[PDB]
Structures are given as C-alpha cells and as structure tokens.
C-alpha cells in the first residue's frame, strides 16, 4: 500500500470518511481537494492503492484498488482484489470511537471500491464470505460503476437483515454524460442495479457537460448531501 494523507477535521469531529482515488492517482491529490470543501466535522482518510499489475495495461504496475481486464460489460470481476481493498478500507474505518459516523467515497475505480464496500456492508460479508466488520453510514461514488452486480441479488437475498441494511444506507452516485473513460451508461446501470436489489436510498445526479473529472457544482451537491445524511 501507498502513503496515506489524513485531513484533520477543522471543527468538532463527527464523521470519518475514507476517500479512494482513481486508477493511477494517489490519496494526497484528493486530500487537497477535500480540505477545501466547506465540510468541518469530517476527517478525511485518503489512502493510496498498491502499485499493482493491471491487465488492462498489459501488466504495467500502477496504483489500483483492484485488477481490471477488458472494458466490456462482461469483463471479469477481481473479487479477490475488491475484497482486499474493501477490507483495507474497513480496517482504516475501525480506528474511530463508536460515536463517530463512518463513510467511504471515491472517484472512478475508487468510486467502484466505495460502492462495492456499501454492498459488502449490506450483504454483511465480503465476497469471500468473511463477515463485514464496520457500520457504514453512507457511500459516495463519483464517475464510477458498481462491481460484482452479477452476484448482488444472491448476496442481498441471503438474509432479511441484508435487505434492511440495503434499504437504509444513503448512496450518492454522480456521473457526467460527456465522460469518455467511464461511460455515462455505467452510471445509470449501477444506479438501476442498486435500486433493483433493495437499495431504496440511492440518489443519482447527472451533469450534461461533465467529463471524467469533478466540477464545483458537483462537489457542492456532494457537500450538501453529506451534511444532510450525517446530521
């Protein structure tokens, strides 16, 4: 794993959010955006993914939360890699006292790992079957997609308490229609896959001219949504 940058809460610490960067990026660059947001009371933990051989890049190593081969809709899910990063995020979040609210967010591949974490919390276990140890208050995905949508129904249907957790967890999906890295249709299908499987508190915000990056109008919606769903 890479080097982590932590943004100290400027006011009364009430929530801790682990924010996951995109492919080839690092946590420090995201820490410098998050610390400009009008969000006191939130501690930002920005880790950096391991520089991992990426099959999409012909095996070239770079920072990645999980391995990706192929860009098609049928591509393999690196469940082992996603569970490892989800368990890593969970370990980071397990450092707070019990009264601190816990969330996870990310951009692109980091958004995918954040959304996958939310489905592990709903399922109550990782993809390998180990129990999920942390109580997530929310998750945010910017310009990403939902991994392991194929198995989401079977995982949620494993328990009535899984469906209860899925129905209450607030999820924010943001995507730009001009995105040429992660196509906008993946944002719509991730929202549809979540809603179809019991996640009844999913908000999907679209921006028509937004590409594969962030804009202040998008981040302003993130701030308002985080303020409301964290109290």
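Positions refer to the first chain, counted from 1.
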Please work out which of 28-36 and 194-202 has the higher mean CA B-factor as recorded in the PDB entry. 194-202
Report the stretch with the higher mean CA temperature factor, choosing between 177-185 and 44-52 on the basis of the entry. 177-185
When the entry's CA B-factors for 75, 142, 93, 82 are compared, the highest one belongs to 75
Which third of the chain does residue 110 land in by C-alpha B-factor: lowest, middle or highest? lowest
Would you mind ranking residue 209 by its C-alpha B-factor against the rest of the chain and naming the third, lowest, middle or highest? highest
By the recorded C-alpha temperature factor, relative to the other modelled residues in its chain, which third is residue 103 in? lowest
Where does residue 13 sit by CA temperature factor within its chain: lowest, middle or highest third? middle
Can you tell me whether residue 138 has a C-alpha B-factor in the lowest, middle or highest third compared with the other modelled residues of the same chain? lowest
